[PDB]
Amino acid sequence: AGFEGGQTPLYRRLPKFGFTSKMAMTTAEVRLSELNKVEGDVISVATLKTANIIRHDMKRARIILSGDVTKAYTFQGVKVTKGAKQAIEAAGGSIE
Amino acid sequence: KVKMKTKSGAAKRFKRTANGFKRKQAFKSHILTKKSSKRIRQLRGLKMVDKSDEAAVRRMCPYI
RNA sequence: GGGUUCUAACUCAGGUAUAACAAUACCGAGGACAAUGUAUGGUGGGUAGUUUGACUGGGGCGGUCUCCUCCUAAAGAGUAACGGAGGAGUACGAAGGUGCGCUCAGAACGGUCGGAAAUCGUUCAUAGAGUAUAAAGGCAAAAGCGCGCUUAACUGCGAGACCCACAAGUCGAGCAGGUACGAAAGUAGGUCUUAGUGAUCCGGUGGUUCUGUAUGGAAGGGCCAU
RNA sequence: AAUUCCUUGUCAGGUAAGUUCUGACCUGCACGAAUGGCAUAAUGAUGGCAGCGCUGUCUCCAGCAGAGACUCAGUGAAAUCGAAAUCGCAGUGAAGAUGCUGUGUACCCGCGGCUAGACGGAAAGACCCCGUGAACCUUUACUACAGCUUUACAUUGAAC
RNA sequence: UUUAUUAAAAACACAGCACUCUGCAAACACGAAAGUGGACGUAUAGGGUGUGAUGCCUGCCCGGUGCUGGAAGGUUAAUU
RNA sequence: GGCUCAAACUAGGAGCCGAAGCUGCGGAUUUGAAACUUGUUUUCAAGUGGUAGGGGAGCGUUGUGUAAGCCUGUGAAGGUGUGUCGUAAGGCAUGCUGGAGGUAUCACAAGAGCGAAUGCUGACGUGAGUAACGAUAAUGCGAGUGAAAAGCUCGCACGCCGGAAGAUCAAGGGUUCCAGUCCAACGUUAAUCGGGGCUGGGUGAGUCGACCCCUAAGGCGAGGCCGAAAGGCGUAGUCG
RNA sequence: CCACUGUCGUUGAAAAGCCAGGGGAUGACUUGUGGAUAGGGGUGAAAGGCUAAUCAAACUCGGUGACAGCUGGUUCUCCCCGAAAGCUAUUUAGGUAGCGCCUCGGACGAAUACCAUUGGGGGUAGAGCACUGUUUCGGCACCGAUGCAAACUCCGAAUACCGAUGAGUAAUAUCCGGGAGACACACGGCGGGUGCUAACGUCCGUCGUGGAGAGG
RNA sequence: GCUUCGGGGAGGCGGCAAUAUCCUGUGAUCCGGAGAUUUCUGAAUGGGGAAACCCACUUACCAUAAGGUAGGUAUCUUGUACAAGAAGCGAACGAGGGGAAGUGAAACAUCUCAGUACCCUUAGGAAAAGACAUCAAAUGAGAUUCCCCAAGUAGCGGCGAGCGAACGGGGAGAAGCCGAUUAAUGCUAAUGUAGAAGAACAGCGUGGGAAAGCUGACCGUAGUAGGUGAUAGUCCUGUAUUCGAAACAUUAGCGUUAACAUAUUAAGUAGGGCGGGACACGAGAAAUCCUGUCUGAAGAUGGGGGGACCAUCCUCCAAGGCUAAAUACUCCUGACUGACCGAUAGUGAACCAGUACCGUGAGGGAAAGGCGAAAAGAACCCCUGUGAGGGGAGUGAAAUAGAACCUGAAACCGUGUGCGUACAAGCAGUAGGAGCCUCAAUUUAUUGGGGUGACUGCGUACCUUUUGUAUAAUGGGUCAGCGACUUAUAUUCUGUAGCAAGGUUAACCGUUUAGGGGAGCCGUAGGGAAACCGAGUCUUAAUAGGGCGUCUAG
């Protein structure tokens with residue numbers, strides 16, 4: 001792996017770039033379709049951990065418009081996108 | 001247990017996109033006065049990894 | 001900021017006792033030296049570990065190794081040889097942009113020094129010149145030569161193509177912004193073009209809210225330029 | 001010349017005839033004075049050359065003696081070996097053929113000899129090249145280290 | 001004296017010669033050190049190097065690299 | 001070979017021979033195509049040389065389940081023949097040998113297939129009944145014993161060594177020493193003989209040697225010195 | 001105690017000897033017994049000699065199944081397809097990697113191939129002297145006759161290549177992915193360079209065959 | 001082999017390997033517990049030494065001769081010249097002191113290998129560690145150890161080759177103390193070290209022999225055991241089940257005794273300079289830990305840490321000692337197991353094997369199993385040398401089962417029969433093909449099967465390696481046996497199956513392939529360096545343009 005016969009290999013011809021963030025490793029994205037595994041109506045970080053939607057070491061979660069919700073939910077400590085927010089409030093939920 | 005190891009220098013060069021890999025371009029580190037502004041413009045940013053290089057990149061970075 | 005002296009540390013592979021070796025005591029001689037530990041500079045084939053290229057009508061020796069032009073190259077492209085010939089590793093703030101203007105080399109004739117050939121006048125003269133440089137291909141709307149004003153040798157980019165294993169390389173109308181020249185339509189993202197070049201890593205510098213290991217900073221890192 | 005390439009240098013001697021030898025010349029490719037120079041009696045299973053004697057070294061080999069070889073009896077190896085019904089020649093052909101083509105020759109099988117071939121046997125050529133092979137040796141190759149040496153601090157103090 | 005087993009020599013050694021080091025806990029060598037050899041020796045001795053009986057002898061060069069002496073200047077470590 | 005109005009050459013012409021090419025006939029197989037539709041059937045068309053290599057479908061072997069089954073002394077495995085079947089790997093049946101195990105089928109797992117590696121181990125060939133039988137000091141004959149005598153014993157003669165090839169030890173060996181008995185193997189042949197097999201026997205010390213006393217080189221070394229550890233050195237001594 | 005010459009022996013009587021000769025033989029001699037020096041170490045009157053038939057670094061065991069881009073070998077059967085010995089890069093050149101070429105699967109479906117008609121650009125073969133050179137003769141550098149040239153061209157095909165339209169035939173072309181192998185090629189034609197229009201020579205281009213293909 | 005205590009009940013004096021003398025119901029042999037004896041060497045210990053030997057001194061006693069019996073006499077450590085210890089050996093695992101190189105990096109020096117091999121010291125049934133001068137930064141937790149994750153992530157790195165966490169989550173186990181020490185002694189309970197009983201089948205045929213066949217029974221808390229003349233629940237030994245201990249060991253509980261220990265909050269300490277080492281972390285912006293050297297505090301109004309550093313906040317109190325479990329291992333004891341081997345395998349070793357043999361030595365290191373059910377192992381005769389070897393006889397189911405003994409392959413070497421072959425040139429065959437020989441049918445030479453193969457055509461082995469090999473290129477004397485793409489994990493693709501926008505648990509628990517365990521992983525969204533946003537997002541002054549995405553199955 002990574003050898004081209006003595007010619008300087010592709011990964012060594014190209015430059016390194018970027019840095020790794022630690023915030024990204026504790027931020028988790030939650031899809032509207034995974035919300036059916038939640039027990040209850042409140043959608044918080046603790047409830048997303050209980051539903052096994054997110055890892056227990058995640059600190060915060062984002063709700064994005066991927067599937068669609070089926071019931072009214074209450075969101076406390078999660079960021080919700082614009083499309084996901086309008087889908088939640090169209091299905092009768094709320095965000096706080 | 002034993003696992004495949006990532007080539008860490010290749011993981012520092014290649015990142016996963018939806019249908020392939022992205023990368024920065026060469027020939028921008030230094031000696032840049034002599035280069036035209038077109039080359040300085042166009043050698044900036046990301047390119048895709050070429051499909052002929054993609055199997056090697058997958059062998060080098062088997063987890064990203 | 002140095003020498004001299006002293007003795008008490010330390011030394012004796014000195015003497016006298018302790019049977020002996022050693023130590024101990026005393027005496028004697030040295031003495032803050034020497035010697036040793038740590039650190040540090042020099043020296044060091046005494047010893048170790050290694051390196052010491054490839055192509056090549058065998059190898060060595062010699063030459064060559066990247067880039068550009070012509071030919072080989074068989075009227076698209078490409079195409080080899082230690083095949084035949086030459087160049088490059090720069091230059092230039094004008095030798096760039098624009099508007100305007102101009103036309104060369106040679107020959108003959110006349111004319112002070114002044115001729116084969118200086119400058120002046122006349123007549124022929126698609127270029128027999130010039131083009132920063134090698135060669136080839138081009139060049140009159142001159143791409144050649146002058147003058148005025150200038151900084152487009154701009155920033156963000158770029159439909160689309162050439163070329164190409166990749167990494168690279170090349171051309172590009174158009175769009176936005178800010179300009180330069182022009183009365184304007186416009187032209188300008190360097191130079192007639194094709195050589196004047198070197199990846200990554202590492203480190204430096206000018207910027208930047210992106211990050212910032214409890215938090216606020218900072219360090220360090222990232223991104224843009226170099 | 002233990003040194004001279006050209007070179008068998010030249011001249012002299014020695015032989016009938018001497019690329020060697022001896023003497024001399026000096027044009028020393030490329031001698032030379034303790035990596036000693038030039039000599040030197042004695043010495044050397046040392047090198048070169050020349051003689052006497054002596055000879056089977058040779059012309060040119062002959063005869064004889066013993067030990068094998070040869071035959072019989074007893075005992076009983078070896079390396080090698082794809083398989084063999086295993087001839088010549090001129091061609092051909094991975095380019096030097098018992099084996100292929102054409103042709104010639106040849107009844108089957110021993111024994112004593114012989115070594116021209118079977119690119120005969122033996123040893124995965126030591127020459128040569130190659131391998132980002134090994135070793136050991138060298139040095140003003142690189143990088144280190146031992147050793148030696150420098151200074152600072154410590155052991156380590158006092159007085160002028 | 002030597003290549004035990006293809007080289008006995010012109011090779012090595014050799015008495016002799018020179019240079020140089022070494023004042024004694026010598027220089028030098030083994031060793032991690034203690035302890036040893038040198039040597040129960042002491043510069044007419046011991047070590048290293050070269051040369052190699054003897055006869056006649058051994059010329060010039062200190063630029064290079066070593067070795068020895070010197071320190072005016074330049075550079076120069078840890079340290080502070 | 002042989003060939004001359006050719007069996008040469010030039011120019012025509014007509015026949016024929018001639019390949020795994022083509023056709024005929026029979027069979028298998030890959031792909032694609034119309035259908036009772038998974039090879040359920042009949043065909044059709046185009047294919048089917050092959051190294052490196054890619055793809056597909058199977059055979060056999062050991063073992064586990066199936067299997068407390070089934071087969072087997074009315075003869076298992078194995079060995080050796082024969083017949084028979086399949087494209088093949090291979091299957092099946094059966095004569096003989098053998099004498100106690102084997103394994104249908106479908107799955108499952110592999111120490112799963114050998115001609116080569118100057119492969120490894122054992123066996124056995126060729127060379128070949130060939131070389132050789134180990135100092136050229138040498139043997140002849142008469143008796144005896146014996147299954148058998150060149151070689152053993154005895155005798156006569158001959159030859160060899162005799163600063164040894166005789167004798168005494170040490171070292172080293174370890175019974176080889178002596179007698180009786182045997183001859184398979186060993187002895188480079190034979191052997192009745194032997195340093196071979198077997199069974200008995202044999203080595204007697206105050207004076208010879210060792211031990212012992214003493215020490216050399218050199219070891220070890222109360223304490224002692226040194227050293228990460230292990231250990232190294234060394235005094236008195238104690239060995240040698 | 002040595003080992004100078006020769007013969008023999010060289011599957012030896014012998015993993016260094018025998019025979020005939022040879023050297024030293026009171027010395028820097030030979031030899032017995034015991035002891036010491038140990039591997040990057042020893043010892044060496046110095047040959048890299050010797051250190052147990054082992055020496056430019058002993059032997060034994062261990063690291064250890066060292067590594068080996070090298071050589072060898074790689075074991076049952078049948079069916080289908082089927083290469084390459086090129087380019088680029090490489091401390092590369094007999095290794096390897098991307099691309100090309102093979103296979104399998106999937107997607108797509110004529111976008112592919114052949115031919116006819118037709119739209120193009122060219123600077124080759126040929127030819128020629130208009131330029132750059134070179135050349136001979138005549139008249140007088142110029143005029144006229146006359147040759148030649150890879151790096152000369154006033155010219156200039158056939159083929160080839162890039163497009164369009166159209167029929168027929170064809171187990172096409174393209175893309176995504178699984179698995180490769182190959183990157184020593186050879187000869188015969190054609191066009192050349194090189195060589196000597198030598199080479200079963202060498203280096204390219206292109207076709208065929210072999211490679212990997214039997215049959216006549 | 002002696003004594004004794006138990007067991008047991010008819011044979012026995014170990015094996016090759018029998019014979020002899022004998023022993024044994026007055027209880028032997030044998031098995032189990034205890035005891036006695038226990039030469040010499042060896043830590044070897046009285047001194048020495050070439051191990052299995054040499055030489056002593058001394059106390060008491062005996063003997064009267066030149067000796068005997070019973071002791072004592074090493075060294076070092078700890079206690080008062082006296083008592084108690086130690087020493088040496090031996091599997092792996094632990095802790096510690098030292099510490100390579102081959103190799104990889106397609107060279108090589110940093111780095112890797114690896115803190116591995118090895119050397120050395122020293123324990124215990126485990127060791128080590130361990131109770132916060134620890135993490136965390138959440139709503140905080142609450143020692144150590146081990147396992148599954150986190151994760152091949154964050155990082156380290158000639159940023160190469162490689163190396164590689166932690167936080168936190170799920171589990172196993174849980175414990176905290178100030179002596180959680182060691183060693184004896186006595187009771188109590190349990191276990192172990194010999195043992196005991198243990199059901200149920202007959203007939204008939206075959207056969208050498210019955211356990212197999214046929215018919216009919218029986219036991220079963222005992223039916224897939226090992227044997228027995230072939231295959232047995234009912235023949236034996238066993239198995240299910242139920243049970244024994246005089247003696248001694250071990251384990252646990254209680255009590256007593258004697259040895260050691262029993263801090264009282266921690267200064268040459270924390271920190272610092274220099275040089276190194278350890279931390280995933282190679283000096284790096286390098287925290288933290290260790291220390292060779294040189295220094296050097298504050299001391300609860302104080303100090304350590306929170307990855308340069310400062311402030312704030314949080315947390316915790318070093319410089320005293322201890323502490324079970326979960327974890328590591330096998331020289332070994334018992335039980336049980338195996339899609340492990342079956343004599344070239346499996347240990348090197350199935351057998352007189354660490355032997356023979358090789359080496360000075362360290363060390364290296366084989367080969368070698370099978371008669372038969374029972375030895376019934378061949379009386380006797382014959383040939384022969386009273387030899388080997390054989391033939392009869394006999395035994396046996398079988399003797400080409402006769403001891404080199406089951407089966408008995410191949411190479412290799414013979415004997416017999418049939419055909420061919422001594423005028424003919426070569427990979428030895430193949431396609432034809434005459435003749436002869438031989439079996440079977442057939443009305444009788446006509447076919448068919450088998451052997452041979454005159455003569456004719458064609459035809460230069462195999463492997464490997466190559467552009468190309470009959471090649472005079474490689475390899476193979478032959479046969480037989482063995483001999484090379486594996487295993488573990490990760491990952492990707494394909495097939496298949498289950499579930500499906502979901503799928504799936506791991507370690508563990510478990511009366512154990514079940515069931516539980518959701519930690520975690522993959523998928524369901526991307527863009528961007530990142531913050532951040534999200535069917536979008538990045539770049540940009542730009543809503544322009546452009547990049548990467550969207551426009552479903554895992």
Side-chain angles (χ1 to χ4, degrees), chain A residues 1-37 39 44-55 57-68 70 76-87, chain B:
Chain A
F3 183 69
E4 271 146 56
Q7 169 175 281
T8 182
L10 177 66
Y11 81 100
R12 275 179 97 205
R13 313 196 283 269
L14 302 173
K16 313 189 297 186
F17 72 107
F19 77 94
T20 292
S21 50
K22 302 262 163 323
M23 254 183 293
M25 290 171 168
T26 55
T27 306
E29 72 183 22
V30 183
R31 295 163 178 82
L32 278 191
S33 34
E34 335 195 74
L35 276 206
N36 68 295
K37 312 188 188 167
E39 268 283 288
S44 60
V45 174
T47 295
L48 289 174
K49 295 181 189 292
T50 298
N52 282 141
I53 298 171
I54 67 178
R55 212 151 81 172
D57 71 68
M58 300 291 140
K59 301 212 246 140
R60 59 182 184 173
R62 308 180 46 93
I63 317 274
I64 69 171
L65 180 63
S66 181
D68 53 353
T70 44
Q76 276 80 8
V78 294
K79 295 230 190 243
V80 189
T81 63
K82 72 220 176 193
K85 182 206 181 63
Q86 68 90 20
Chain B
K1 79 186 146 170
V2 182
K3 332 172 149 166
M4 269 201 93
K5 301 242 205 190
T6 294
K7 196 178 281 317
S8 280
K12 285 157 175 158
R13 264 80 167 208
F14 305 112
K15 318 265 292 297
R16 193 73 222 299
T17 81
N19 304 305
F21 294 95
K22 68 184 161 153
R23 48 121 180 150
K24 282 334 188 68
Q25 306 171 64
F27 292 83
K28 275 295 298 259
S29 288
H30 70 147
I31 46 192
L32 302 146
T33 303
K34 78 169 54 152
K35 283 172 177 95
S36 57
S37 64
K38 192 211 225 155
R39 268 172 84 217
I40 278 155
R41 222 158 47 228
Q42 292 180 328
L43 285 172
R44 165 166 76 231
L46 306 148
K47 285 319 166 153
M48 287 331 261
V49 173
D50 199 289
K51 84 222 171 314
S52 41
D53 304 330
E54 290 231 307
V57 167
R58 272 186 312 261
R59 290 224 306 143
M60 294 190 291
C61 318
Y63 295 104
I64 71 173

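The basis for the numbers below is simple: all heavy atoms, side chains too, and nothing from hydrogens, waters or symmetry mates. Per chain, numbering begins at 1; letters A, B, ... match sequence-line order.
Picking from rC201(C), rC166(C), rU524(H) the nucleotide with the shortest atom distance to the side chain of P15(A) gives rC201(C). Of all nucleotides listed (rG526(H), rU155(C), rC149(H)), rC149(H) comes nearest to the side chain of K1(B). Taking every side-chain heavy atom of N52(A) into account, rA519(H) is the closest of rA519(H), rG158(C), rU537(H). Minimum atom distance to the side chain of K35(B) is reached by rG198(C), of the listed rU96(G), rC533(H), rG198(C). Distance from the side chain of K3(B) is smallest for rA490(H) among the nucleotides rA525(H), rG523(H), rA490(H). Looking at the side chain of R62(A), the nearest of the listed nucleotides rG527(H), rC532(H), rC533(H) is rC533(H). Checking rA165(C), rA525(H), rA490(H) against the side-chain heavy atoms of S52(B) singles out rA165(C) as nearest. If you check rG172(C), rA525(H), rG198(C) against the side chain of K34(B), the one that comes closest is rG198(C).
Judged by ring centres closer than 5.5 Å and planes tilted by less than 30°, the bases of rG201(F) and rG202(F) are stacked on each other. Consecutive residues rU5(G) and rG6(G) stack, with base ring centres under 5.5 Å apart and planes meeting at under 30°. Annotated as stacked: the bases of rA183(H) and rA184(H), by the 5.5 Å centre and 30° plane rule. Stacking status of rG195(F) with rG196(F): not stacked, per the base-ring test of centres under 5.5 Å and planes under 30°.
Both distances falling under 3.5 Å, in either a Watson-Crick or a G-U wobble arrangement, occur for no nucleotide opposite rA58(G). Pairing partner, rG216(H): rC201(H), with both Watson-Crick or wobble hydrogen-bond distances short of 3.5 Å. Nucleotide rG82(D): paired with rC427(H) (Watson-Crick or G-U wobble, both distances less than 3.5 Å). Base-pair partner of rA25(C): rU16(C) (Watson-Crick or G-U wobble, both distances under 3.5 Å).
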Using a cutoff of under 3.5 Å, can you pull out all pairs of nitrogen or oxygen atoms linking the protein to nucleotides 159-162 of chain C, with atom names and distances?
none

Give me the distances for all protein-to-nucleotides 162-164 of chain H N/O pairs that come in under 3.5 Å?
unit_1, atom_1, unit_2, atom_2, d
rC163(H), OP2, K5(B), NZ, 3.4
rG164(H), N7, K5(B), NZ, 2.9

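Under the side chain to side chain donor-acceptor pair (under 3.5 Å) criterion, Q76(A) pairs with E96(A), not counting sequence neighbours. In this view, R12(A) satisfies the side chain to side chain donor-acceptor pair (under 3.5 Å) rule with no residue, not counting sequence neighbours. Residues that satisfy the side chain to side chain donor-acceptor pair (under 3.5 Å) test with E29(A), not counting sequence neighbours, are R31(A). Considering only residues two or more places apart in sequence or on other chains, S52(B) meets the side-chain contact (heavy atoms from CB on, under 4.5 Å) condition with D50(B). Legend: residues meeting side chain to side chain donor-acceptor pair (under 3.5 Å) with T27(A), ordered by chain and number and at least two apart, are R60(A).
Atom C1' of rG321(H) sits at a distance of 29 Å from the matching atom of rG292(H), rounded to the whole Å.
With hydrogens and angles ignored, no donor-acceptor pair under 3.5 angstrom links the side chain of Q25(B) to the base of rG547(H). For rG502(H), its base sits under 3.5 Å from the side chain of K37(A) at one donor and acceptor pair at least. With hydrogens and angles ignored, no donor-acceptor pair under 3.5 angstrom links the side chain of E4(A) to the base of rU90(G). With hydrogens and angles ignored, no donor-acceptor pair under 3.5 angstrom links the side chain of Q7(A) to the base of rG98(G).
For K22(B) and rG528(H), the shortest distance from a side-chain N or O to OP1 or OP2 is below 4.0 Å. Contact check, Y63(B) against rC521(H): no side-chain N or O comes under 4.0 Å of OP1 or OP2. A close approach under 4.0 Å does not occur between any side-chain nitrogen or oxygen of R55(A) and OP1 or OP2 of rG169(H). Residue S37(B) places at least one side-chain N or O under 4.0 Å from the OP1 or OP2 atom of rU155(C).
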How does protein contact run along nucleotides 173-179 of chain C, one letter per nucleotide 5' to 3', with B for base contact, S for sugar-phosphate only, - for none, heavy atoms under 4.0 Å? -------

Nucleotide by nucleotide, 5' to 3', does protein get under 4.0 Å of the base (B), only the sugar-phosphate (S), or neither (-) in nucleotides 211-226 of chain C, counting heavy atoms? SS--------BSSSSB

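Atom CD1 of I53(A) is separated from atom P of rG518(H) by 17 Å (rounded to the nearest Å). Atoms CZ (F3(A)) and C1' (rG160(H)) sit 13 Å apart, rounded to a whole Å.
Residue pairs meeting the salt bridge (charged side-chain N to carboxylate O under 4.0 Å, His left out) criterion with at least one member in residues 23-32 of chain B, sequence neighbours excluded, do not occur. Listed by first and then second residue, the salt bridge (charged side-chain N to carboxylate O under 4.0 Å, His left out) pairs that reach into residues 6-21 of chain B come to none, sequence neighbours excluded.
If you check every strand for non-hydrogen atoms under 4.0 Å, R39(B) touches sugar and phosphate atoms only.
With both distances required under 3.5 Å, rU301(H) does not pair with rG60(F) in Watson-Crick or G-U wobble fashion.
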Using atom types as modelled, flag every donor-acceptor pair under 3.5 Å from a side chain in residues 16-26 of chain A to any protein atom, sequence neighbours excluded.
unit_1, atom_1, unit_2, atom_2, d
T26(A), OG1, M23(A), O, 3.2

